[PDB]
>>> print(open('protein.txt').read())   # compact mmCIF, C-alpha atoms (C1' of nucleotides)
# COMPACT_ATOMS: atom_id res chain seq x y z
CA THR A 5 94.93 94.58 133.89
CA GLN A 6 96.86 92.04 131.82
CA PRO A 7 97.51 93.10 128.21
CA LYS A 8 96.11 90.58 125.75
CA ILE A 9 98.78 91.47 123.16
CA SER A 10 102.24 92.74 124.13
CA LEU A 11 104.85 93.76 121.55
CA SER A 12 108.36 95.07 122.20
CA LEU A 13 111.36 96.06 120.11
CA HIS A 14 113.62 94.35 122.67
CA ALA A 15 112.15 90.88 122.07
CA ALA A 16 114.93 88.52 121.00
CA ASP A 17 112.83 86.48 118.54
CA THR A 18 111.90 89.37 116.22
CA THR A 19 113.41 90.09 112.81
CA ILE A 20 113.52 93.41 110.96
CA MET A 21 110.10 92.85 109.37
CA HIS A 22 108.55 92.21 112.78
CA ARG A 23 109.90 95.51 114.14
CA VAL A 24 108.73 97.40 111.05
CA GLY A 25 105.32 95.85 111.63
CA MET A 26 105.23 97.00 115.24
CA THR A 27 106.18 100.48 114.03
CA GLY A 28 103.31 100.45 111.55
CA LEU A 29 100.93 99.29 114.27
CA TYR A 30 102.22 102.08 116.52
CA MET A 31 101.53 104.71 113.86
CA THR A 32 98.09 103.25 113.15
CA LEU A 33 97.25 103.23 116.86
CA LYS A 34 98.34 106.85 117.24
CA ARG A 35 96.15 107.90 114.32
CA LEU A 36 93.20 105.86 115.62
CA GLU A 37 93.54 107.34 119.11
CA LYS A 38 93.44 110.77 117.50
CA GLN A 39 90.34 109.70 115.57
CA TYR A 40 88.64 107.93 118.51
CA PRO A 41 89.63 109.72 121.74
CA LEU A 42 87.39 107.59 123.98
CA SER A 43 87.82 103.84 124.37
CA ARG A 44 84.03 103.44 124.51
CA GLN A 45 83.79 104.59 120.89
CA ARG A 46 86.14 101.82 119.77
CA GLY A 47 84.55 98.42 119.26
CA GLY A 48 85.14 96.02 122.13
CA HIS A 49 86.48 98.85 124.33
CA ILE A 50 89.93 98.23 122.87
CA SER A 51 92.59 100.44 124.45
CA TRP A 52 96.36 100.62 124.08
CA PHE A 53 99.39 101.87 126.00
CA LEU A 54 102.18 103.01 123.66
CA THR A 55 105.74 103.65 124.82
CA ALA A 56 108.98 104.33 122.96
CA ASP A 57 109.62 100.63 122.31
CA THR A 58 106.56 98.74 123.60
CA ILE A 59 102.96 98.23 122.47
CA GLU A 60 100.30 96.78 124.77
CA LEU A 61 96.67 96.18 123.78
CA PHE A 62 93.75 95.77 126.18
CA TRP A 63 90.18 94.90 125.25
CA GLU A 64 87.05 93.34 126.75
CA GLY A 65 84.66 90.71 125.50
CA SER A 66 85.36 88.52 122.50
CA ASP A 67 88.84 88.82 121.01
CA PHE A 68 87.45 88.42 117.48
CA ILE A 69 85.23 91.50 117.73
CA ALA A 70 88.00 93.78 119.00
CA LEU A 71 90.57 92.47 116.52
CA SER A 72 88.08 92.79 113.66
CA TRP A 73 87.30 96.38 114.64
CA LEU A 74 90.98 97.30 114.88
CA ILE A 75 91.92 95.64 111.60
CA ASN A 76 88.91 96.98 109.68
CA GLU A 77 89.60 100.51 110.90
CA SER A 78 93.31 100.13 110.13
CA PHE A 79 92.91 98.95 106.52
CA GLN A 80 90.20 100.72 104.53
CA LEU A 81 89.12 101.47 100.97
CA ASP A 82 87.91 104.91 99.89
CA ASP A 83 85.12 105.49 97.37
CA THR A 84 87.54 105.41 94.43
CA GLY A 85 88.79 101.97 95.50
CA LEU A 86 92.29 102.96 96.61
CA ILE A 87 94.03 101.40 99.60
CA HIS A 88 93.42 103.72 102.56
CA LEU A 89 95.81 103.06 105.45
CA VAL A 90 94.75 105.18 108.42
CA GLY A 91 98.29 104.92 109.78
CA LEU A 92 99.27 107.48 107.15
CA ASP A 93 97.92 111.03 107.15
CA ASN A 94 95.63 110.59 104.15
CA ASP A 95 94.13 114.10 104.14
CA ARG A 96 97.62 115.62 103.90
CA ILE A 97 98.77 113.31 101.09
CA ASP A 98 97.62 114.14 97.56
CA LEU A 99 95.82 111.83 95.13
CA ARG A 100 98.86 111.03 92.99
CA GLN A 101 100.97 109.86 95.93
CA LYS A 102 98.03 107.84 97.26
CA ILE A 103 97.79 106.13 93.87
CA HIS A 104 101.54 105.52 93.94
CA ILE A 105 101.36 103.90 97.38
CA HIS A 106 98.32 101.82 96.39
CA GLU A 107 100.04 100.58 93.23
CA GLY A 108 103.21 99.73 95.15
CA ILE A 109 101.29 97.75 97.76
CA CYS A 110 99.29 95.95 95.07
CA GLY A 111 102.46 95.11 93.15
CA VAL A 112 104.60 94.02 96.11
CA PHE A 113 102.38 92.67 98.90
CA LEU A 114 99.17 91.81 97.03
CA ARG A 115 100.91 90.18 94.07
CA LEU A 116 98.26 87.46 93.91
CA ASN A 117 94.59 87.61 92.97
CA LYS A 118 93.99 85.13 95.81
CA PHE A 119 94.48 88.04 98.24
CA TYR A 120 92.51 90.82 96.53
CA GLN A 121 89.30 91.22 94.53
CA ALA A 122 89.72 93.76 91.74
CA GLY A 123 87.11 96.32 90.76
CA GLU A 124 86.90 98.40 87.62
CA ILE A 125 89.86 100.26 86.11
CA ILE A 126 89.09 103.76 87.40
CA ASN A 127 90.37 106.55 85.15
CA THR A 128 90.91 110.06 86.52
CA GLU A 129 92.10 113.10 84.56
CA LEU A 130 93.90 115.55 86.84
CA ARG A 131 95.09 118.75 85.17
CA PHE A 132 98.83 119.44 85.32
CA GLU A 133 100.46 122.46 83.65
CA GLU A 134 97.28 123.13 81.64
CA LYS A 135 97.17 119.48 80.56
CA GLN A 136 94.82 116.74 81.78
CA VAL A 137 96.60 113.39 82.15
CA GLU A 138 94.51 110.26 82.68
CA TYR A 139 95.78 108.07 85.51
CA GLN A 140 94.49 104.50 85.19
CA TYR A 141 94.73 102.30 88.29
CA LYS A 142 93.05 99.05 89.28
CA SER A 143 90.55 99.73 92.05
CA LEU A 144 89.98 97.10 94.72
CA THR A 145 86.97 95.82 96.64
CA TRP A 146 88.77 93.67 99.25
CA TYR A 147 92.26 92.63 100.29
CA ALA A 148 93.49 90.06 102.78
CA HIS A 149 94.72 92.69 105.24
CA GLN A 150 91.10 93.71 105.81
CA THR A 151 89.86 90.26 106.85
CA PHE A 152 92.97 88.71 108.42
CA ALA A 153 91.17 89.01 111.78
CA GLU A 154 89.39 85.74 110.96
CA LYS A 155 92.76 84.03 110.53
CA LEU A 156 94.00 85.58 113.78
CA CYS A 157 91.17 84.09 115.88
CA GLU A 158 89.69 80.64 116.33
CA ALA A 159 86.65 79.75 114.26
CA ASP A 160 84.49 78.35 117.07
CA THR A 161 85.51 80.05 120.33
CA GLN A 162 86.27 83.35 118.51
CA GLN A 163 89.39 83.89 120.62
CA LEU A 164 93.06 84.52 119.93
CA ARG A 165 94.84 81.37 118.82
CA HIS A 166 97.29 79.78 121.26
CA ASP A 167 99.33 78.14 118.48
CA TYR A 168 101.31 79.32 115.47
CA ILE A 169 99.60 80.66 112.35
CA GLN A 170 100.87 79.57 108.94
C1' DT B 1 204.14 126.88 64.26
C1' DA B 2 197.75 130.15 63.29
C1' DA B 3 192.75 131.22 62.72
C1' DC B 4 188.53 130.31 61.53
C1' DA B 5 184.32 125.43 62.41
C1' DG B 6 178.81 129.95 58.64
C1' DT B 7 176.89 134.29 58.21
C1' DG B 8 169.69 134.25 56.74
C1' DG B 9 165.02 132.94 56.48
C1' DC B 10 161.22 129.89 56.75
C1' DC B 11 159.44 124.65 60.15
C1' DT B 12 152.94 124.28 56.15
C1' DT B 13 149.41 126.73 53.86
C1' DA B 14 142.83 123.93 53.22
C1' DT B 15 139.63 120.47 54.51
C1' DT B 16 136.83 116.93 56.15
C1' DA B 17 136.89 113.98 61.67
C1' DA B 18 131.71 109.66 59.75
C1' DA B 19 128.01 108.25 56.99
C1' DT B 20 122.88 103.03 59.08
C1' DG B 21 120.56 99.85 61.81
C1' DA B 22 119.86 96.79 65.18
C1' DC B 23 120.18 98.27 72.34
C1' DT B 24 117.42 90.45 73.26
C1' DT B 25 114.49 86.52 72.10
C1' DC B 26 111.70 81.93 75.91
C1' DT B 27 110.93 79.75 80.28
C1' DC B 28 110.95 78.42 85.02
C1' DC B 29 104.22 81.85 89.15
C1' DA B 30 102.32 81.23 93.92
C1' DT B 31 98.49 80.01 96.39
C1' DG B 32 94.12 78.73 97.72
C1' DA B 33 89.41 76.72 96.30
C1' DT B 34 87.85 72.64 94.58
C1' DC B 35 87.91 67.57 92.72
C1' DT B 36 88.77 63.48 93.92
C1' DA B 37 90.35 59.12 95.89
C1' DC B 38 90.99 56.46 100.15
>>> encode(input="protein.txt", output="structure tokens")
Amino acid sequence: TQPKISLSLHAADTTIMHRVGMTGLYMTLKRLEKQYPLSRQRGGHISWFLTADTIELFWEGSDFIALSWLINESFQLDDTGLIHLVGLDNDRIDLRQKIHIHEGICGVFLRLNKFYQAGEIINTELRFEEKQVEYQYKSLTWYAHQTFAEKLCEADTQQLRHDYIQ
DNA sequence: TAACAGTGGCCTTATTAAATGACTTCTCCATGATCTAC
């Protein structure tokens, strides 16, 4: 039918950050499609058609439900409280690099406590060359990326906004 | 008017090439929930 969200690298109004964002969405969608082969499994029957330089999203029912499902599945938190982006191959990456990525995101994007709720300071002692070194990182319980779906959709009609979002 | 215009041997031997301590101090935050006044 008609895609509800269409994104292209050839759009003339996009900057570098916009294109990097479409690339991240493309990687996340590839990983999700590997995780959820059937569109019925995905909330709202959300389905996508990915090309070399275009992203199109189709879904049924309320826009808020489908967007919330996609965003919640895209941005996750593991048991330890680290940022778990399903766009990246998290099983293949080790714990130290995951901690590095989480700390970088928390120090660059989530600079402000207004956009994350901090948990306890989790300490882990991983042995290295017959020596156990204690990594101490700030675990999280929520960050704005998880619940931006509310800002993407209208409060009452629960549909995609037709205006600009600040 | 001439024939010479120095023949030698050396051209530094030692020793030490830095010892200290300092390697910026402050401040200017951004953003949303809430208080509050109109």
>>> closest_residue(input="protein.txt", among="A:143, A:153, A:29, A:117", to="residue 32 of chain B", atoms="all atoms listed in the file")
A:117
>>> atom_distance(input="protein.txt", atom1="atom CA of residue 78 of chain A", atom2="atom CA of residue 129 of chain A")
28.7 Å
>>> atom_distance(input="protein.txt", atom1="atom CA of residue 151 of chain A", atom2="atom CA of residue 114 of chain A")
13.6 Å
>>> interface_residues(input="protein.txt", of="chain A", to="chain B", cutoff="10 Å", atoms="all atoms listed in the file", output="MDAnalysis selection string")
chainID A and resid 115:119
>>> atom_distance(input="protein.txt", atom1="atom CA of residue 158 of chain A", atom2="atom CA of residue 13 of chain A")
26.9 Å
>>> closest_residue(input="protein.txt", among="A:165, A:134, A:70, A:139", to="residue 104 of chain A", atoms="all atoms listed in the file")
A:139
>>> residues_around(input="protein.txt", residues="segment 39-51 of chain A", least_positions_apart="5", cutoff="9 Å", atoms="all atoms listed in the file", output="ChimeraX atom specification")
/A:34,60-67,69-74
